[PDB]
Amino acid sequence: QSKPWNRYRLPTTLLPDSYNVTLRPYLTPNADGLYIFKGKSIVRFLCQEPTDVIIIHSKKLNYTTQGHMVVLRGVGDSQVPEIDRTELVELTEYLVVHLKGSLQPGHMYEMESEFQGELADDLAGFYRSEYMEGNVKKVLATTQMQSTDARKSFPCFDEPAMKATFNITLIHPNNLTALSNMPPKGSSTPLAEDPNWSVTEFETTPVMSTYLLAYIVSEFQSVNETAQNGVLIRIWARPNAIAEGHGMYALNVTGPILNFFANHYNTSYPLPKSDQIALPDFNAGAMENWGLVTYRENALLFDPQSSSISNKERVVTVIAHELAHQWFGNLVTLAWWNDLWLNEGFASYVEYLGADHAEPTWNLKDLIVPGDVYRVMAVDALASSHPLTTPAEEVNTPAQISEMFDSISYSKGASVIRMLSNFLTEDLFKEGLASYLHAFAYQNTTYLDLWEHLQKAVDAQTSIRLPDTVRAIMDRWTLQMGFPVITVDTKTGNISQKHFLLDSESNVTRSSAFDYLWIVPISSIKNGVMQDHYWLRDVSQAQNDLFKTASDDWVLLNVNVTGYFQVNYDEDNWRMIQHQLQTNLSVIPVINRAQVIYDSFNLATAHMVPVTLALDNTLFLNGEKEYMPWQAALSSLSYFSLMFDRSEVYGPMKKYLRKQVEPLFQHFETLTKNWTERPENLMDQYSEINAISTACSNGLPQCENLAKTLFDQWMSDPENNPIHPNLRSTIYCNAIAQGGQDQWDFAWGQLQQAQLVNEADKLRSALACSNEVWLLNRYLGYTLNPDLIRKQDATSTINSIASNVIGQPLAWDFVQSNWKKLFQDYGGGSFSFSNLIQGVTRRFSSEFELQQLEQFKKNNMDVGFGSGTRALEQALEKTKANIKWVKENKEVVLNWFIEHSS
Ligand SMILES: *[C@@H]1O[C@H](CO)[C@@H](O[C@@H]2O[C@H](CO)[C@@H](O[C@@H]3O[C@H](CO)[C@@H](O)[C@H](O)[C@H]3NC(C)=O)[C@H](O)[C@H]2NC(C)=O)[C@H](O)[C@H]1NC(C)=O
Ligand SMILES: *[C@@H]1O[C@H](CO)[C@@H](O[C@@H]2O[C@H](CO)[C@@H](O[C@@H]3O[C@H](CO)[C@@H](O)[C@H](O)[C@H]3NC(C)=O)[C@H](O)[C@H]2NC(C)=O)[C@H](O)[C@H]1NC(C)=O
Ligand SMILES: *[C@@H]1O[C@H](CO)[C@@H](O[C@@H]2O[C@H](CO)[C@@H](O[C@@H]3O[C@H](CO)[C@@H](O)[C@H](O)[C@H]3NC(C)=O)[C@H](O)[C@H]2NC(C)=O)[C@H](O)[C@H]1NC(C)=O
Ligand SMILES: *[C@@H]1O[C@H](CO)[C@@H](O[C@@H]2O[C@H](CO)[C@@H](O)[C@H](O)[C@H]2NC(C)=O)[C@H](O)[C@H]1NC(C)=O
Ligand SMILES: *[C@@H]1O[C@H](CO)[C@@H](O[C@@H]2O[C@H](CO)[C@@H](O)[C@H](O)[C@H]2NC(C)=O)[C@H](O)[C@H]1NC(C)=O
Ligand SMILES: *[C@@H]1O[C@H](CO)[C@@H](O[C@@H]2O[C@H](CO)[C@@H](O)[C@H](O)[C@H]2NC(C)=O)[C@H](O)[C@H]1NC(C)=O
Ligand SMILES: *[C@@H]1O[C@H](CO)[C@@H](O[C@@H]2O[C@H](CO)[C@@H](O)[C@H](O)[C@H]2NC(C)=O)[C@H](O)[C@H]1NC(C)=O
Ligand SMILES: *[C@@H]1O[C@H](CO)[C@@H](O[C@@H]2O[C@H](CO)[C@@H](O)[C@H](O)[C@H]2NC(C)=O)[C@H](O)[C@H]1NC(C)=O
Ligand SMILES: *[C@@H]1O[C@H](CO)[C@@H](O[C@@H]2O[C@H](CO)[C@@H](O)[C@H](O)[C@H]2NC(C)=O)[C@H](O)[C@H]1NC(C)=O
Ligand SMILES: *[C@@H]1O[C@H](CO)[C@@H](O)[C@H](O)[C@H]1NC(C)=O
Ligand SMILES: *[C@@H]1O[C@H](CO)[C@@H](O)[C@H](O)[C@H]1NC(C)=O
Ligand SMILES: CC(C)C[C@H](N)C(=O)O
Ligand SMILES: [Zn+2]
């Protein structure tokens with residue numbers, strides 16, 4: 001046998017009941033410049049099986065407990081064994097208490113410790129975050145436990161299923177505010193040892209997981225509202241953020257969203273209050289700590305003067321995401337991190353539901369398709385993907401746990417759960433979900449528990465009939481990786497499925513229980529009229545008349561892309577759809593208008609249609625007003641841009657896109673009353689933004705003139721920006737493209753004095769749009785200087801230059817020459833060498849350029865490559881793919897564009 005303290009998973013001999021935890025951050029450095037925090041904790045736990053060892057998590061804590069590292073007491077009249085010795089096992093992150101005798105089952109024990117750790121700027125555990133308010137560097141103390149960092153703040157049984165109540169006390173400077181999961185018990189009281197400090201005790205948490213604990217000490221302020229049921233809602237942020245009104249949007253939506261979910265889930269919000277807090281530079285994005293949710297500022301705050309509609313969308317959906325967790329994840333928690341996908345996939349899905357409640361005119365639900373479905377299909381159509389489900393026994397280390405937080409888990413998880421809600425109907429899904437939430441409140445589950453409760457709801461009715469059990473169906477989508485292409489020959493109605501890969505030559509080596517066969521829910525529209533629902537069983541091939549067409553009829557599968565699959569047809573059926581989109585596109589749901597574009601470009605890639613068929617599918621766009629189909633086009637073509645914008649192909653391409661987009665431009669010119677007013681709802685605003693970007697970047701004189709007039713106008717009155725935030729990135733970029741140092745210098749001016757991140761970002765990116773070599777080179781020489789350009793912005797800025805066709809060879813030469821600077825900013829930030837290499841080499845598509853990257857690599861001697869060591873490999877391999885793709889495609893594509901651009 002091996003010793004239990006050398007195993008990554010905790011024993012189950014001891015289960016926690018309740019913790020007292022007192023934390024004291026020191027926000028002034030101890031002058032060798034170390035920031036510390038101090039803590040004291042008591043954990044009460046119950047013995048289940050006799051054991052003579054107590055194993056508890058601890059990470060980067062020094063112990064100052066009197067005696068051994070802990071003190072051990074019996075609860076009530078329980079005797080307690082003596083401690084032999086206490087030791088720290090770093091690898092498995094344990095504090096280990098060896099006893100002279102055994103603990104007894106049924107008995108409770110209390111274990112006290114005193115400790116301290118660094119209050120580091122590391123976004124891990126109890127940590128510090130520094131930021132500026134005017135002249136002053138400010139410093140606050142805040143938490144991020146997710147996933148395995150609670151143990152970094154205090155010793156605890158730090159696994160999600162080992163839930164307990166927590167009594168939190170903060171000791172803090174007496175003019176700072178202290179926040180935790182729960183409301184404060186009463187007024188803070190002064191610390192007897194030193195009254196410059198106060199003591200804030202918090203009400204007992206519900207039974208909960210360690211990874212959801214939070215506590216924060218800052219000078220933040222709040223805007224507040226009391227929902228009618230008395231639930232207090234607060235948005236917390238920097239004093240000046242609050243004073244400028246930047247919390248108001250979050251406050252507006254929060255109440256409705258919470259309300260939506262309590263009714264959605266059929267389960268009262270389980271806490272007396274909900275705080276949400278905007279943190280500067282919170283690189284982890286957002287965290288759903290129960291009752292105190294943390295966001296990065298640009299995820300929670302919104303400035304109506306400067307922020308764009310897409311910023312607005314980000315805020316409402318992120319809030320909805322974090323709030324969804326307050327039932328799903330927090331109230332009912334997955335037993336182990338192998339099932340993370342459920343939790344994050346669920347939030348990643350219902351975020352759209354919650355947000356749509358708050359903004360019911362925006363059609364937000366649609367956005368899951370481009371946002372999650374097609375996003376994750378790009379990576380799930382690879383031989384190198386993985387199942388949603390991982391065996392529990394394979395997820396053990398903190399690193400292994402971290403690896404669970406990826407595309408597949410969030411976006412595929414969202415996609416397959418959306419599929420499941422749709423084939424069950426939402427009302428039925430809701431019932432099973434309510435049943436699951438009530439049965440498991442304050443406890444832990446596996447995905448099998450959700451299947452079961454959905455089955456119960458299925459079994460309790462007669463309307464929805466399935467081809468198999470919920471579990472049997474969802475097993476197809478959770479235990480094997482990837483997804484099928486579904487191919488329909490409409491001449492016969494034959495319908496087949498195969499595992500879909502973008503690379504037609506790939507060897508899949510990961511085996512499946514099911515031979516990569518799925519049970520597939522298939523909706524279909526024929527001549528614009530909904531057909532009966534069909535299930536493809538787990539067979540390669542089948543036949544149904546649902547999919548048989550006459551000559552002048554058409555059929556289209558997967559309405560609204562609710563199903564996690566792509567569709568191909570015979571060529572005839574494609575053409576009819578094409579002609580339908582030509583003559584009355586309204587017959588076909590906007591989402592499917594996009595599907596046709598997304599799928600066919602993917603199929604073309606996989607060599608299952610000719611690329612010209614995919615391009616034909618763009619032809620209808622000249623009469624398309626709606627956001628999504630255009631977005632499908634723009635997303636699928638950006639690679640064609642990457643590959644061809646230095647080639648003879650480009651002129652025909654631009655000319656084609658000018659042709660396609662001009663009417664959309666004209667449409668918005670009228671609609672927006674000469675551009676003075678924005679369109680009403682989100683989708684039409686998104687469309688306007690894309691149409692303007694596309695027009696301008698392709699050289700439509702009408703868009704070029706707009707951008708010049710507007711940027712001219714702004715320069716003649718710098719305090720009154722005439723450019724709506726929706727149009728800013730395009731108008732800036734185009735106008736700087738047309739202009740010289742007059743335009744460039746003014747914008748640089750505006751970068752240096754902008755106080756808002758979203759706006760600085762746009763200026764930084766537009767400045768890279770110059771068409772003067774000398775301006776792009778001078779700009780490059782700024783990117784390293786941290787006076788002029790922040791380091792965290794340095795490689796991003798170099799990539800934006802690379803992105804400019806003229807800046808490509810400039811960036812590339814610059815990176816080569818100052819590569820000697822792994823040994824200066826591998827020492828001063830992480831940097832992301834990996835993202836730089838990717839961005840600057842992504843256009844490479846010739847043998848000559850592959851010779852150049854190979855020739856670059858042979859500075860292997862010293863220097864090295866740090867983070868992008870395998871990012872270079874991926875560069876040399878991606879270039880090989882591009883060379884192959886360009887030789888196969890250059891001619892056919894050139895002539896398609898020549899032909900279709902008047
Ligand atoms: C975890 O923290 C809890 C809160 O601090 C502890 O419970 C508190 O214990 C306090 C003293 O140990 C009690 O305060 C007062 O003590 C005086 C003695 O001077 C007594 O007369 C009273 O019982 C009490 N005063 C009043 C006004 O009630 C608190 O009663 C008590 N707080 C509670 C129960 O909410 C836990 O004991 C601590 N856990 C462990 C294991 O140490
Ligand atoms: C938890 O305990 C650790 C071990 O005692 C502490 O780590 C020690 O911190 C010292 C600085 O605080 C480190 O510096 C050494 O000592 C003095 C600084 O006061 C320097 O002059 C020496 O140059 C320096 N020695 C070296 C080799 O650089 C010690 O390095 C370090 N000891 C160890 C073993 O790591 C932690 O600070 C302590 N943390 C908290 C938050 O209490
Ligand atoms: C949180 O919700 C509030 C209430 O629903 C929103 O408050 C509305 O803000 C609107 C945007 O400025 C205001 O509407 C327009 O204001 C301009 C300014 O002079 C006028 O031209 C328009 O006529 C006017 N429109 C209307 C319908 O009045 C509203 O004054 C205001 N409505 C209310 C009830 O106060 C908040 O904007 C919203 N906060 C955020 C950040 O979204
Ligand atoms: C955290 O605080 C709570 C309540 O303030 C404590 O719960 C009490 O536990 C004691 C001893 O088990 C019981 O006598 C009371 O019934 C509990 N009160 C309530 C309201 O439940 C809890 O013990 C504290 N945790 C620790 C570790 O002390
Ligand atoms: C809380 O008290 C601290 C200490 O008096 C204040 O922090 C000082 O702020 C001034 C400028 O206002 C700085 O120049 C000092 O260096 C600060 N001292 C330290 C140790 O940081 C702080 O402003 C007060 N905060 C609030 C919200 O009132
Ligand atoms: C959870 O859903 C249940 C069951 O649908 C709700 O109870 C229903 O409430 C409506 C509202 O008036 C009544 O018309 C139904 O007759 C009720 N059904 C039953 C069985 O009581 C319940 O109120 C919801 N609870 C929460 C907390 O949202
Ligand atoms: C993890 O969750 C399970 C349930 O999913 C918990 O087991 C339940 O415990 C409660 C209270 O002890 C009982 O009412 C049920 O009968 C139990 N159901 C079971 C055992 O299947 C389990 O206690 C949780 N694990 C931990 C460590 O808390
Ligand atoms: C449609 O599906 C059926 C299979 O069920 C195919 O018809 C069979 O094809 C084999 C191939 O040699 C014949 O030998 C069988 O006699 C056929 N079975 C029949 C007619 O019942 C048919 O080829 C498919 N059509 C396609 C893919 O276009
Ligand atoms: C496909 O998606 C569209 C939205 O893009 C759905 O249309 C919405 O349906 C709801 C209720 O039927 C309406 O309240 C919305 O206002 C509709 N929006 C639009 C823009 O039409 C459509 O119902 C979906 N089709 C199917 C068959 O599920
Ligand atoms: C896949 O295996 C085939 C033969 O089974 C081989 O020709 C090919 O090189 C392999 N790999 C790729 C990535 O195509
Ligand atoms: C286009 O089809 C829509 C929906 O079927 C219909 O309402 C509209 O009248 C049609 N218009 C034309 C010109 O065919
Ligand atoms: C790393 C954590 C902040 C992740 C969080 N649960 C999210 O998905 O937003
Ligand atoms: Zn989440």
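- The deposited coordinates for this entry were obtained by X-ray crystallography, with a reported resolution of 2.20 Å.

**Quick word on the sheet that holds strand 6 (residues 83-89)**
Argument step 1. An order of 3-7-6 is seen for the 3 strands of this open sheet, with the pairing classed as antiparallel. Bordering the open sheet on either side are strand 3 (51-57) and strand 6, each of which pairs with just one other strand. Going from strand to strand, the sheet's axes swing by 20° on average, the running direction of each strand aside.
Argument step 2. As judged from the 6 bridges shared by strand 3 and strand 7 (residues 94-103), these two strands associate in the antiparallel manner. Pairing of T51 across the sheet is with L103, part of strand 7.

**Comments concerning the site of ligand 7**
Argument step 1. Around ligand 7, the surrounding shell consists of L15, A161, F440, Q443 and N444.
Argument step 2. At a separation of 3.2 Å, an oxygen atom of ligand 7 approaches a polar backbone atom of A161.
Argument step 3. Here the residues of the shell around ligand 7 sort into 3 nonpolar, 2 polar and no charged.

**Describing the packing of helix 16 (residues 650-671) against helix 28 (residues 869-900)**
Argument step 1. Across the interface, helix 16 lies against helix 28 with an axial gap of 8 Å and an inter-helix angle of 40°. Here helix 16 is positioned oblique relative to helix 28, judged by the angle of their axes. Where helix 16 crosses over helix 28, the handedness of that crossing is left-handed. Facing helix 16, whose interface residues are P652, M653, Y656 and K659, helix 28 presents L894, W896, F897, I898 and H900.
Argument step 2. Split by residue class, the contact of helix 16 with helix 28 holds 7 nonpolar, 1 polar and 1 charged.

**So, the coordination of the zinc ion (ligand 13)**
Argument step 1. Donor atoms from the polypeptide that bind the zinc ion (ligand 13) are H321 (NE2), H325 (NE2) and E344 (OE), placed at 1.8 to 2.1 Å.
Argument step 2. Between consecutive donors of the zinc ion (ligand 13), the numbers of intervening residues give the motif H-x3-H-x18-E. For the pair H321 and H325, a shared accessibility class is recorded, and that class is buried.

**As for the packing of helix 23 (residues 794-803) against helix 24 (residues 807-817)**
Argument step 1. Two elements in contact, helix 23 and helix 24, have axes separated by 6 Å at closest approach and are oriented at 140°. Between helix 23 and helix 24, the angle is such that the two are oblique. Two secondary-structure elements touch here, helix 23 through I798, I801 and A802 and helix 24 through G807, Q808, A811, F814 and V815.
Argument step 2. Grouping the amino acids of the contact of helix 23 with helix 24 by side-chain chemistry returns 6 nonpolar, 2 polar and no charged.

**A few points about the UniProt feature "disulfide bond" in the chain**
Argument step 1. A sulfur-sulfur distance of 2.1 Å is found between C696 and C703, whose disulfide is recorded in UniProt, and that is short enough to count the bridge as formed.
Argument step 2. Taking relative accessible area as the criterion, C696 reaches 4% and is therefore assigned buried.
Argument step 3. Classification of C703 as buried rests on a relative accessible area of 0%.
Argument step 4. With an S-S distance of 2.1 Å, the disulfide that UniProt assigns to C733 and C769 is formed in this structure.

Cut-offs used in this document
- Residues numbered from 1 in each chain as written, not as in the entry; some residues may be left out.
- Chains lettered and ligands numbered in written order.
- Heavy atoms only, no water.
- Pairing = 2+ DSSP bridges.
- Helix = DSSP H or I, 4+ residues; strand = E, 2+ residues; numbered from the N terminus.
- Axes fitted to C-alpha atoms, helices over the stretch in contact; angles between N-to-C directions.
- Near = heavy atom within 4 Å.
- Polar contact = N/O pair within 3.5 Å; in protein donor to acceptor, adjacent residues only side chain to side chain.
- Nonpolar A, V, L, I, M, F, W, Y, C, P; charged D, E, K, R; others polar.
- Parallel < 35°, antiparallel > 145°, perpendicular 65-115°, else oblique.
- Left-handed = near helix turned anticlockwise from the far one by under 90°.
- Contact = heavy atoms within 4.5 Å.
- Donors = N, O, S within 2.8 Å, 3.2 Å for Na, K, Ca; no water.
- Buried < 20%, exposed > 50% of the residue type's maximum accessible area, 1.4 Å probe, protein only.
- Disulfide = S-S within 2.5 Å.
- UniProt positions renumbered as here; feature names shortened; annotations may be inferred.

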